[PDB]
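Participant: Data: target-v2.txt, compact mmCIF, N, CA, C and O atoms.
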```txt
# COMPACT_ATOMS: atom_id res chain seq x y z
N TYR A 9 96.45 161.11 190.92
CA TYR A 9 97.81 161.19 190.24
C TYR A 9 98.95 161.32 191.26
O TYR A 9 99.97 160.59 191.21
N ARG A 10 98.81 162.28 192.17
CA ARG A 10 99.76 162.43 193.25
C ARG A 10 99.70 161.19 194.21
O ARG A 10 100.74 160.77 194.73
N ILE A 11 98.51 160.61 194.39
CA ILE A 11 98.36 159.41 195.24
C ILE A 11 99.22 158.25 194.68
O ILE A 11 99.95 157.58 195.43
N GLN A 12 99.16 158.04 193.36
CA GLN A 12 99.99 156.99 192.71
C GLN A 12 101.51 157.24 192.91
O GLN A 12 102.27 156.30 193.19
N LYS A 13 101.93 158.50 192.80
CA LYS A 13 103.33 158.88 193.03
C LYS A 13 103.74 158.56 194.48
O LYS A 13 104.80 157.98 194.74
N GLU A 14 102.88 158.94 195.43
CA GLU A 14 103.13 158.62 196.85
C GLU A 14 103.17 157.09 197.11
O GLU A 14 103.99 156.60 197.93
N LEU A 15 102.29 156.35 196.42
CA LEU A 15 102.23 154.88 196.56
C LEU A 15 103.56 154.25 196.13
O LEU A 15 104.13 153.47 196.87
N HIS A 16 104.04 154.62 194.94
CA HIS A 16 105.39 154.23 194.50
C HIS A 16 106.43 154.59 195.54
O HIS A 16 107.27 153.78 195.90
N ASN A 17 106.39 155.83 196.02
CA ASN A 17 107.40 156.26 196.99
C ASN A 17 107.41 155.46 198.26
O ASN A 17 108.48 155.07 198.76
N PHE A 18 106.21 155.19 198.79
CA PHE A 18 106.03 154.44 200.01
C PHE A 18 106.48 152.98 199.81
O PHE A 18 107.17 152.44 200.65
N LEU A 19 106.08 152.37 198.71
CA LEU A 19 106.43 150.94 198.47
C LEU A 19 107.91 150.80 198.25
O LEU A 19 108.51 149.84 198.70
N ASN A 20 108.49 151.76 197.55
CA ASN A 20 109.93 151.73 197.27
C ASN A 20 110.78 152.16 198.48
O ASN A 20 111.86 151.58 198.74
N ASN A 21 110.27 153.11 199.25
CA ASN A 21 110.99 153.62 200.41
C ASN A 21 110.06 153.69 201.62
O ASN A 21 109.68 154.80 202.06
N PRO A 22 109.69 152.52 202.19
CA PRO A 22 108.74 152.54 203.31
C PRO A 22 109.41 153.04 204.58
O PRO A 22 110.60 152.80 204.78
N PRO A 23 108.66 153.73 205.46
CA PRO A 23 109.23 154.11 206.74
C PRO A 23 109.69 152.87 207.50
O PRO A 23 109.12 151.78 207.33
N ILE A 24 110.69 153.03 208.36
CA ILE A 24 111.19 151.93 209.20
C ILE A 24 110.08 151.18 210.00
O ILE A 24 109.23 151.80 210.69
N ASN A 25 110.10 149.84 209.89
CA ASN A 25 109.14 148.96 210.58
C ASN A 25 107.67 149.14 210.14
O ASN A 25 106.75 148.81 210.90
N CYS A 26 107.46 149.70 208.95
CA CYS A 26 106.13 149.91 208.42
C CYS A 26 105.88 149.13 207.15
O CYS A 26 106.79 148.95 206.32
N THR A 27 104.65 148.68 206.98
CA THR A 27 104.23 148.04 205.76
C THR A 27 102.88 148.63 205.39
O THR A 27 102.11 149.09 206.26
N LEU A 28 102.59 148.63 204.11
CA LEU A 28 101.40 149.31 203.61
C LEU A 28 100.32 148.37 203.20
O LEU A 28 100.58 147.33 202.61
N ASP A 29 99.08 148.74 203.51
CA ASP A 29 97.93 148.17 202.83
C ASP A 29 97.07 149.28 202.26
O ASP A 29 97.19 150.45 202.68
N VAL A 30 96.23 148.95 201.29
CA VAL A 30 95.30 149.91 200.72
C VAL A 30 93.87 149.35 200.78
O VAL A 30 93.68 148.12 200.76
N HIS A 31 92.88 150.23 200.84
CA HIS A 31 91.49 149.75 200.81
C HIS A 31 91.16 149.21 199.40
O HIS A 31 91.39 149.90 198.41
N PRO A 32 90.62 147.95 199.31
CA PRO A 32 90.34 147.33 197.97
C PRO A 32 89.32 148.10 197.13
O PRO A 32 89.34 148.01 195.90
N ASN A 33 88.42 148.84 197.81
CA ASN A 33 87.35 149.59 197.11
C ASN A 33 87.43 151.12 197.27
O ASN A 33 86.43 151.81 197.05
N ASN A 34 88.59 151.64 197.66
CA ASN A 34 88.73 153.09 197.84
C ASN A 34 90.23 153.45 197.66
O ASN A 34 91.07 153.13 198.52
N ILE A 35 90.54 154.06 196.53
CA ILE A 35 91.93 154.44 196.22
C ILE A 35 92.44 155.52 197.18
O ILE A 35 93.65 155.77 197.26
N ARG A 36 91.51 156.17 197.88
CA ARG A 36 91.84 157.31 198.74
C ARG A 36 92.08 156.94 200.21
O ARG A 36 92.28 157.82 201.06
N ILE A 37 92.09 155.64 200.52
CA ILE A 37 92.37 155.19 201.89
C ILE A 37 93.53 154.16 201.94
O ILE A 37 93.50 153.14 201.22
N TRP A 38 94.51 154.43 202.80
CA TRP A 38 95.62 153.51 203.09
C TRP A 38 95.58 153.12 204.55
O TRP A 38 95.10 153.87 205.39
N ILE A 39 96.14 151.96 204.88
CA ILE A 39 96.34 151.56 206.25
C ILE A 39 97.79 151.15 206.38
O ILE A 39 98.25 150.21 205.72
N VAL A 40 98.50 151.88 207.22
CA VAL A 40 99.90 151.59 207.50
C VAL A 40 100.05 150.82 208.82
O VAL A 40 99.53 151.24 209.88
N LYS A 41 100.75 149.69 208.76
CA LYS A 41 101.08 148.91 209.96
C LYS A 41 102.48 149.26 210.46
O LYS A 41 103.45 149.17 209.71
N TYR A 42 102.57 149.69 211.71
CA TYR A 42 103.84 149.97 212.33
C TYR A 42 104.06 149.00 213.46
O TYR A 42 103.19 148.81 214.31
N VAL A 43 105.22 148.34 213.44
CA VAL A 43 105.64 147.47 214.55
C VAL A 43 106.65 148.25 215.35
O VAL A 43 107.68 148.64 214.83
N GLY A 44 106.31 148.52 216.61
CA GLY A 44 107.13 149.33 217.51
C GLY A 44 108.60 148.96 217.51
O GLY A 44 108.97 147.79 217.69
N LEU A 45 109.43 149.96 217.29
CA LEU A 45 110.87 149.75 217.27
C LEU A 45 111.45 149.25 218.59
O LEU A 45 111.07 149.70 219.68
N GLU A 46 112.39 148.32 218.48
CA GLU A 46 113.19 147.90 219.63
C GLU A 46 113.90 149.15 220.18
O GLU A 46 114.29 150.03 219.41
N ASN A 47 114.00 149.23 221.50
CA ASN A 47 114.66 150.36 222.19
C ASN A 47 113.79 151.63 222.29
O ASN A 47 114.31 152.73 222.53
N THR A 48 112.49 151.46 222.09
CA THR A 48 111.50 152.51 222.34
C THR A 48 110.46 151.89 223.27
O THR A 48 110.42 150.66 223.40
N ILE A 49 109.63 152.71 223.90
CA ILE A 49 108.61 152.21 224.83
C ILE A 49 107.46 151.42 224.15
O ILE A 49 106.66 150.76 224.83
N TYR A 50 107.39 151.48 222.82
CA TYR A 50 106.35 150.75 222.07
C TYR A 50 106.89 149.48 221.41
O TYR A 50 106.21 148.88 220.58
N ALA A 51 108.11 149.09 221.78
CA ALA A 51 108.79 147.92 221.20
C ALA A 51 107.88 146.70 221.01
O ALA A 51 107.22 146.25 221.95
N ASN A 52 107.85 146.20 219.76
CA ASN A 52 107.11 144.99 219.39
C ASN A 52 105.58 145.10 219.41
O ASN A 52 104.89 144.16 219.03
N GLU A 53 105.05 146.24 219.84
CA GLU A 53 103.61 146.48 219.83
C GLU A 53 103.16 146.89 218.41
O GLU A 53 103.86 147.64 217.74
N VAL A 54 102.00 146.41 217.98
CA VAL A 54 101.52 146.71 216.64
C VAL A 54 100.54 147.85 216.70
O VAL A 54 99.61 147.83 217.51
N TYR A 55 100.78 148.87 215.86
CA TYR A 55 99.84 149.97 215.69
C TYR A 55 99.51 150.18 214.23
O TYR A 55 100.35 149.96 213.35
N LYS A 56 98.28 150.59 213.96
CA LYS A 56 97.82 150.79 212.60
C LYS A 56 97.36 152.22 212.41
O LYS A 56 96.57 152.74 213.18
N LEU A 57 97.86 152.83 211.36
CA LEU A 57 97.59 154.23 211.04
C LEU A 57 96.70 154.28 209.80
O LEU A 57 97.07 153.75 208.71
N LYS A 58 95.55 154.91 209.93
CA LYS A 58 94.67 155.09 208.78
C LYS A 58 94.94 156.45 208.13
O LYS A 58 95.04 157.46 208.82
N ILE A 59 95.07 156.44 206.81
CA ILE A 59 95.40 157.61 206.03
C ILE A 59 94.33 157.86 204.99
O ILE A 59 94.08 157.02 204.14
N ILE A 60 93.67 159.01 205.08
CA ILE A 60 92.62 159.35 204.11
C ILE A 60 93.00 160.55 203.30
O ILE A 60 93.26 161.64 203.85
N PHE A 61 93.03 160.38 201.99
CA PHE A 61 93.32 161.49 201.08
C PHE A 61 92.02 162.22 200.69
O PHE A 61 91.15 161.61 200.04
N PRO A 62 91.88 163.50 201.11
CA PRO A 62 90.69 164.28 200.79
C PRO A 62 90.67 164.66 199.31
O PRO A 62 91.69 164.58 198.60
N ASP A 63 89.50 165.08 198.84
CA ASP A 63 89.33 165.46 197.46
C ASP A 63 90.29 166.58 197.00
O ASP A 63 90.66 166.63 195.81
N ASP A 64 90.67 167.47 197.92
CA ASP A 64 91.59 168.58 197.62
C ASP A 64 93.08 168.24 197.85
O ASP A 64 93.95 169.13 197.76
N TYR A 65 93.36 166.97 198.15
CA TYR A 65 94.75 166.52 198.27
C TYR A 65 95.48 166.79 196.92
O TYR A 65 94.92 166.52 195.84
N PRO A 66 96.74 167.27 196.97
CA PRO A 66 97.66 167.50 198.07
C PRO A 66 97.65 168.90 198.72
O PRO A 66 98.37 169.11 199.69
N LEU A 67 96.86 169.83 198.21
CA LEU A 67 96.81 171.18 198.80
C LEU A 67 96.22 171.10 200.20
O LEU A 67 96.65 171.79 201.11
N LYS A 68 95.27 170.21 200.37
CA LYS A 68 94.78 169.89 201.69
C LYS A 68 95.50 168.61 202.17
O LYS A 68 95.75 167.68 201.37
N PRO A 69 95.88 168.59 203.46
CA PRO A 69 96.65 167.48 204.00
C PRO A 69 95.85 166.18 204.11
O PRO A 69 94.59 166.22 204.19
N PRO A 70 96.55 165.02 204.13
CA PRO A 70 95.77 163.80 204.33
C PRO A 70 95.26 163.81 205.77
O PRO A 70 95.84 164.49 206.64
N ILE A 71 94.16 163.12 206.02
CA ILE A 71 93.72 162.92 207.40
C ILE A 71 94.39 161.62 207.89
O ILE A 71 94.33 160.58 207.18
N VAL A 72 95.05 161.68 209.05
CA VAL A 72 95.84 160.51 209.56
C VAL A 72 95.55 160.30 211.03
O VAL A 72 95.70 161.25 211.84
N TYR A 73 95.14 159.09 211.39
CA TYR A 73 94.92 158.76 212.78
C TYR A 73 95.15 157.27 213.05
O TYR A 73 95.07 156.45 212.12
N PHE A 74 95.43 156.94 214.31
CA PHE A 74 95.66 155.55 214.71
C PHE A 74 94.37 154.77 214.91
O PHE A 74 93.39 155.30 215.48
N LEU A 75 94.35 153.52 214.44
CA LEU A 75 93.21 152.65 214.67
C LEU A 75 93.27 152.20 216.12
O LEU A 75 94.29 152.39 216.79
N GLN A 76 92.17 151.64 216.62
CA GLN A 76 92.10 151.20 218.00
C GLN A 76 92.89 149.91 218.20
O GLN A 76 92.83 149.06 217.33
N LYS A 77 93.66 149.75 219.29
CA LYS A 77 93.91 150.79 220.32
C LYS A 77 95.09 151.65 219.91
O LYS A 77 96.11 151.13 219.45
N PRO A 78 94.98 152.99 220.10
CA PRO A 78 96.14 153.78 219.71
C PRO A 78 97.30 153.72 220.74
O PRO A 78 97.08 153.39 221.94
N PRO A 79 98.53 154.07 220.29
CA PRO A 79 99.63 154.11 221.23
C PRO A 79 99.26 155.13 222.28
O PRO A 79 98.58 156.11 221.96
N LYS A 80 99.67 154.89 223.51
CA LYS A 80 99.43 155.85 224.58
C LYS A 80 100.56 156.82 224.52
O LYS A 80 101.72 156.44 224.75
N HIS A 81 100.20 158.08 224.18
CA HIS A 81 101.15 159.15 223.94
C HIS A 81 100.47 160.49 224.14
O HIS A 81 99.29 160.66 223.81
N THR A 82 101.22 161.45 224.66
CA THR A 82 100.71 162.80 224.91
C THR A 82 100.04 163.44 223.70
O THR A 82 99.03 164.13 223.84
N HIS A 83 100.58 163.19 222.50
CA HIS A 83 100.07 163.77 221.25
C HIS A 83 99.17 162.84 220.43
O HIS A 83 98.90 163.08 219.24
N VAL A 84 98.70 161.78 221.06
CA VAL A 84 97.73 160.91 220.41
C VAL A 84 96.53 160.84 221.33
O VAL A 84 96.66 160.42 222.48
N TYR A 85 95.39 161.27 220.81
CA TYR A 85 94.14 161.26 221.56
C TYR A 85 93.56 159.83 221.66
O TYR A 85 93.91 158.94 220.84
N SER A 86 92.69 159.60 222.66
CA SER A 86 91.98 158.31 222.80
C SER A 86 91.31 157.82 221.48
O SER A 86 91.23 156.60 221.24
N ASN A 87 90.85 158.75 220.64
CA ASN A 87 90.25 158.39 219.35
C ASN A 87 91.29 158.16 218.20
O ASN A 87 90.92 157.95 217.02
N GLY A 88 92.56 158.19 218.56
CA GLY A 88 93.66 157.96 217.62
C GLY A 88 94.11 159.19 216.85
O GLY A 88 95.09 159.13 216.14
N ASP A 89 93.39 160.32 216.98
CA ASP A 89 93.83 161.60 216.33
C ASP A 89 95.19 162.00 216.80
O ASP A 89 95.57 161.72 217.94
N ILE A 90 95.94 162.71 215.96
CA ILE A 90 97.32 162.99 216.27
C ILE A 90 97.48 164.50 216.27
O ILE A 90 96.98 165.18 215.37
N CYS A 91 98.18 164.99 217.29
CA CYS A 91 98.55 166.39 217.37
C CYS A 91 99.96 166.52 216.83
O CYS A 91 100.94 166.18 217.50
N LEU A 92 100.07 166.99 215.59
CA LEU A 92 101.37 167.11 214.90
C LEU A 92 101.30 168.25 213.91
O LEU A 92 100.51 168.19 212.97
N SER A 93 102.14 169.27 214.12
CA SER A 93 102.15 170.46 213.26
C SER A 93 102.29 170.15 211.77
O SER A 93 101.66 170.81 210.95
N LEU A 94 103.11 169.14 211.43
CA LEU A 94 103.30 168.77 210.00
C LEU A 94 102.00 168.38 209.30
O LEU A 94 101.90 168.48 208.08
N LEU A 95 101.01 167.96 210.09
CA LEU A 95 99.70 167.55 209.58
C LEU A 95 98.70 168.70 209.54
O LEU A 95 97.59 168.54 209.04
N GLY A 96 99.09 169.83 210.09
CA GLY A 96 98.19 170.97 210.18
C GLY A 96 98.87 172.25 209.75
O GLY A 96 99.27 172.39 208.61
N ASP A 97 99.01 173.16 210.70
CA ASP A 97 99.68 174.44 210.52
C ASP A 97 101.00 174.44 209.72
O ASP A 97 101.28 175.38 208.99
N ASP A 98 101.82 173.40 209.88
CA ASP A 98 103.11 173.34 209.18
C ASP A 98 103.11 172.39 207.98
O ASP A 98 104.18 172.01 207.48
N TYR A 99 101.91 172.01 207.52
CA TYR A 99 101.79 171.16 206.36
C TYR A 99 102.34 171.88 205.13
O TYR A 99 102.11 173.07 204.92
N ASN A 100 103.08 171.13 204.34
CA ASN A 100 103.60 171.60 203.08
C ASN A 100 103.09 170.59 202.06
O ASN A 100 103.26 169.39 202.29
N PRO A 101 102.47 171.04 200.93
CA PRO A 101 101.88 170.06 200.00
C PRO A 101 102.92 169.16 199.33
O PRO A 101 102.54 168.20 198.65
N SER A 102 104.22 169.45 199.52
CA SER A 102 105.30 168.58 198.98
C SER A 102 105.69 167.42 199.90
O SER A 102 106.43 166.52 199.48
N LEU A 103 105.17 167.44 201.13
CA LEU A 103 105.35 166.35 202.08
C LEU A 103 105.01 165.01 201.42
O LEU A 103 103.95 164.88 200.78
N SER A 104 105.92 164.04 201.54
CA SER A 104 105.62 162.67 201.14
C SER A 104 104.85 161.97 202.26
O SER A 104 105.05 162.27 203.45
N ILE A 105 104.00 161.00 201.90
CA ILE A 105 103.30 160.23 202.94
C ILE A 105 104.30 159.39 203.75
O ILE A 105 104.18 159.26 204.97
N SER A 106 105.26 158.78 203.07
CA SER A 106 106.34 158.10 203.77
C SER A 106 107.00 158.98 204.88
O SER A 106 107.17 158.53 206.02
N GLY A 107 107.35 160.22 204.55
CA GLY A 107 107.96 161.17 205.50
C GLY A 107 107.00 161.56 206.63
O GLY A 107 107.43 161.76 207.77
N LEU A 108 105.72 161.69 206.30
CA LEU A 108 104.71 161.98 207.31
C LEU A 108 104.67 160.87 208.36
O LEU A 108 104.72 161.14 209.55
N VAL A 109 104.59 159.62 207.89
CA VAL A 109 104.60 158.45 208.77
C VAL A 109 105.91 158.37 209.56
O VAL A 109 105.91 158.09 210.76
N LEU A 110 107.05 158.62 208.90
CA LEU A 110 108.32 158.60 209.64
C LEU A 110 108.35 159.67 210.77
O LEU A 110 108.88 159.42 211.85
N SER A 111 107.81 160.85 210.49
CA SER A 111 107.71 161.90 211.53
C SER A 111 106.83 161.48 212.71
O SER A 111 107.11 161.85 213.86
N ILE A 112 105.79 160.71 212.43
CA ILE A 112 104.90 160.19 213.49
C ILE A 112 105.67 159.18 214.30
O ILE A 112 105.65 159.21 215.52
N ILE A 113 106.43 158.32 213.62
CA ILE A 113 107.19 157.30 214.31
C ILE A 113 108.24 158.00 215.17
O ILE A 113 108.47 157.63 216.31
N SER A 114 108.87 159.03 214.61
CA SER A 114 109.80 159.86 215.38
C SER A 114 109.16 160.43 216.65
O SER A 114 109.74 160.31 217.77
N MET A 115 107.99 161.06 216.49
CA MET A 115 107.20 161.63 217.62
C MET A 115 106.97 160.58 218.70
O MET A 115 107.25 160.83 219.87
N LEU A 116 106.52 159.40 218.30
CA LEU A 116 106.30 158.29 219.22
C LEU A 116 107.57 157.86 219.91
O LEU A 116 107.57 157.63 221.13
N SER A 117 108.65 157.73 219.13
CA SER A 117 109.93 157.31 219.66
C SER A 117 110.61 158.47 220.37
O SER A 117 111.72 158.34 220.90
```
Using structure tokens, write down the structure from this file.

Facilitator:
Amino acid sequence: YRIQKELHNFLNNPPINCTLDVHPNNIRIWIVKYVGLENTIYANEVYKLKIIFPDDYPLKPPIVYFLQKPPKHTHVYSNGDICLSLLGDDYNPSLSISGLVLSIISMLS
């Protein structure tokens, strides 16, 4: 139910330079494509973010990581995992997925 609300929000208000795909056989998995913003070190490079909604979503945060190859960044591990407080300790269950992705893009930029 909350996933459908987020889907509307994301499609209607997608983060800058992002487009959405969803898994055809799993309503709980999204793949976000980000094209690196001009005037940042990732300009024109394509990165893909996998988003998994756990069974306890939204009280439990979505799991979010970059597909291979991930952007080279201090807060992105070789396996694409992301070190970001909003996804962990500072998670608020009212966070929109669109805003989560925009915060990642901000972190990268």

Participant: Pick the closest to residue 60 of chain A from A:37, A:46, A:82, A:91: which is it, counting only N, CA, C and O atoms?

Facilitator: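 Answer, going by the shortest atom-to-atom distance: A:37.
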
Participant: Could you go through chain A and tell me which residues DSSP, when run on the backbone, assigns to strand (DSSP E or B), listing them as JSON, numbers by chain?

Facilitator: {"A": [26, 27, 28, 29, 30, 37, 38, 39, 40, 41, 42, 43, 54, 55, 56, 57, 58, 59, 60, 71, 72, 73, 74, 81, 84, 89, 90]}

Participant: Return the single residue from A:57, A:52, A:10, A:110 that is closest to residue 39 of chain A, with distances computed using all atoms listed in the file.

Facilitator: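 Ranking A:57, A:52, A:10, A:110 by distance to residue 39 of chain A, first place goes to A:57.
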
Participant: For residue 36 of chain A, list every protein, DNA or RNA residue within 10 Å, evaluated using only C-alpha atoms, and leave out those in the same chain fewer than 2 positions away; present the list as a VMD selection string.

Facilitator: chain A and resid 11 30 to 31 33 to 34 38 59 to 63 65 70

Participant: At a cut-off of 7 Å, using all atoms listed in the file, what residues contact residue 89 of chain A? Leave out same-chain residues fewer than 4 positions from it and give the result as number ranges by chain.

Facilitator: A: 72-74, 83-85

Participant: Closest to residue 47 of chain A among A:66, A:117, A:24, A:13, using all atoms listed in the file?

Facilitator: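 Looking at the shortest contact to residue 47 of chain A, the residue is A:117.
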
Participant: For residue 17 of chain A, please output as a list in words all residues within 9 Å (counting only C-alpha atoms; exclusion window: fewer than 3 positions along the same chain).

Facilitator: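 In the requested form, the answer reads residues 12, 13, 14, 20, 21, 22, 104, 105 and 106 of chain A.
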
Participant: Pick the closest to residue 109 of chain A from A:32, A:51, A:58, A:75: which is it, counting only C-alpha atoms?

Facilitator: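 Ranked by minimum distance to residue 109 of chain A, first place goes to A:58.
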
Participant: One number please: atom CA of residue 40 of chain A to atom CA of residue 112 of chain A, in Å, one decimal.

Facilitator: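 For atom CA of residue 40 of chain A relative to atom CA of residue 112 of chain A, the distance reads 11.6 Å.
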
Participant: Go ahead and compute the interatomic distance for atom CA of residue 69 of chain A and atom CA of residue 49 of chain A, in Å to one decimal.

Facilitator: 28.5 Å

Participant: Can you tell me, as a CSV table (one decimal) with N, CA, C and O atoms, in the frame of the given file, which residues in chain A count as alpha helix (DSSP H) by DSSP?

Facilitator:
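The resulting file, selection-v1.csv, is reproduced below:
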```csv
chain,number,residue,atom,x,y,z
A,10,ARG,N,98.8,162.3,192.2
A,10,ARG,CA,99.8,162.4,193.2
A,10,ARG,C,99.7,161.2,194.2
A,10,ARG,O,100.7,160.8,194.7
A,11,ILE,N,98.5,160.6,194.4
A,11,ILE,CA,98.4,159.4,195.2
A,11,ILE,C,99.2,158.2,194.7
A,11,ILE,O,100.0,157.6,195.4
A,12,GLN,N,99.2,158.0,193.4
A,12,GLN,CA,100.0,157.0,192.7
A,12,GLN,C,101.5,157.2,192.9
A,12,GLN,O,102.3,156.3,193.2
A,13,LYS,N,101.9,158.5,192.8
A,13,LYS,CA,103.3,158.9,193.0
A,13,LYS,C,103.7,158.6,194.5
A,13,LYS,O,104.8,158.0,194.7
A,14,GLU,N,102.9,158.9,195.4
A,14,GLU,CA,103.1,158.6,196.8
A,14,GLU,C,103.2,157.1,197.1
A,14,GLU,O,104.0,156.6,197.9
A,15,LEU,N,102.3,156.4,196.4
A,15,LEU,CA,102.2,154.9,196.6
A,15,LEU,C,103.6,154.2,196.1
A,15,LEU,O,104.1,153.5,196.9
A,16,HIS,N,104.0,154.6,194.9
A,16,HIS,CA,105.4,154.2,194.5
A,16,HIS,C,106.4,154.6,195.5
A,16,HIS,O,107.3,153.8,195.9
A,17,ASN,N,106.4,155.8,196.0
A,17,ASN,CA,107.4,156.3,197.0
A,17,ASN,C,107.4,155.5,198.3
A,17,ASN,O,108.5,155.1,198.8
A,18,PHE,N,106.2,155.2,198.8
A,18,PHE,CA,106.0,154.4,200.0
A,18,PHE,C,106.5,153.0,199.8
A,18,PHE,O,107.2,152.4,200.6
A,19,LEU,N,106.1,152.4,198.7
A,19,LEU,CA,106.4,150.9,198.5
A,19,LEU,C,107.9,150.8,198.2
A,19,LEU,O,108.5,149.8,198.7
A,20,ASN,N,108.5,151.8,197.6
A,20,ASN,CA,109.9,151.7,197.3
A,20,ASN,C,110.8,152.2,198.5
A,20,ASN,O,111.9,151.6,198.7
A,105,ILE,N,104.0,161.0,201.9
A,105,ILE,CA,103.3,160.2,202.9
A,105,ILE,C,104.3,159.4,203.8
A,105,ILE,O,104.2,159.3,205.0
A,106,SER,N,105.3,158.8,203.1
A,106,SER,CA,106.3,158.1,203.8
A,106,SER,C,107.0,159.0,204.9
A,106,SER,O,107.2,158.5,206.0
A,107,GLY,N,107.4,160.2,204.6
A,107,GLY,CA,108.0,161.2,205.5
A,107,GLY,C,107.0,161.6,206.6
A,107,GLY,O,107.4,161.8,207.8
A,108,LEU,N,105.7,161.7,206.3
A,108,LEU,CA,104.7,162.0,207.3
A,108,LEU,C,104.7,160.9,208.4
A,108,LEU,O,104.7,161.1,209.6
A,109,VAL,N,104.6,159.6,207.9
A,109,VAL,CA,104.6,158.4,208.8
A,109,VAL,C,105.9,158.4,209.6
A,109,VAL,O,105.9,158.1,210.8
A,110,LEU,N,107.0,158.6,208.9
A,110,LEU,CA,108.3,158.6,209.6
A,110,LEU,C,108.4,159.7,210.8
A,110,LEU,O,108.9,159.4,211.8
A,111,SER,N,107.8,160.8,210.5
A,111,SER,CA,107.7,161.9,211.5
A,111,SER,C,106.8,161.5,212.7
A,111,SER,O,107.1,161.8,213.9
A,112,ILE,N,105.8,160.7,212.4
A,112,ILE,CA,104.9,160.2,213.5
A,112,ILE,C,105.7,159.2,214.3
A,112,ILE,O,105.6,159.2,215.5
A,113,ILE,N,106.4,158.3,213.6
A,113,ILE,CA,107.2,157.3,214.3
A,113,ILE,C,108.2,158.0,215.2
A,113,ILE,O,108.5,157.6,216.3
A,114,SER,N,108.9,159.0,214.6
A,114,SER,CA,109.8,159.9,215.4
A,114,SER,C,109.2,160.4,216.6
A,114,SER,O,109.7,160.3,217.8
A,115,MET,N,108.0,161.1,216.5
A,115,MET,CA,107.2,161.6,217.6
A,115,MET,C,107.0,160.6,218.7
A,115,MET,O,107.2,160.8,219.9
A,116,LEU,N,106.5,159.4,218.3
A,116,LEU,CA,106.3,158.3,219.2
A,116,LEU,C,107.6,157.9,219.9
A,116,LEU,O,107.6,157.6,221.1
```

Participant: Which one is closest to residue 116 of chain A: A:50, A:18, A:55, A:99? Count only C-alpha atoms.

Facilitator: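 Of all the options, A:50 lies closest to residue 116 of chain A.
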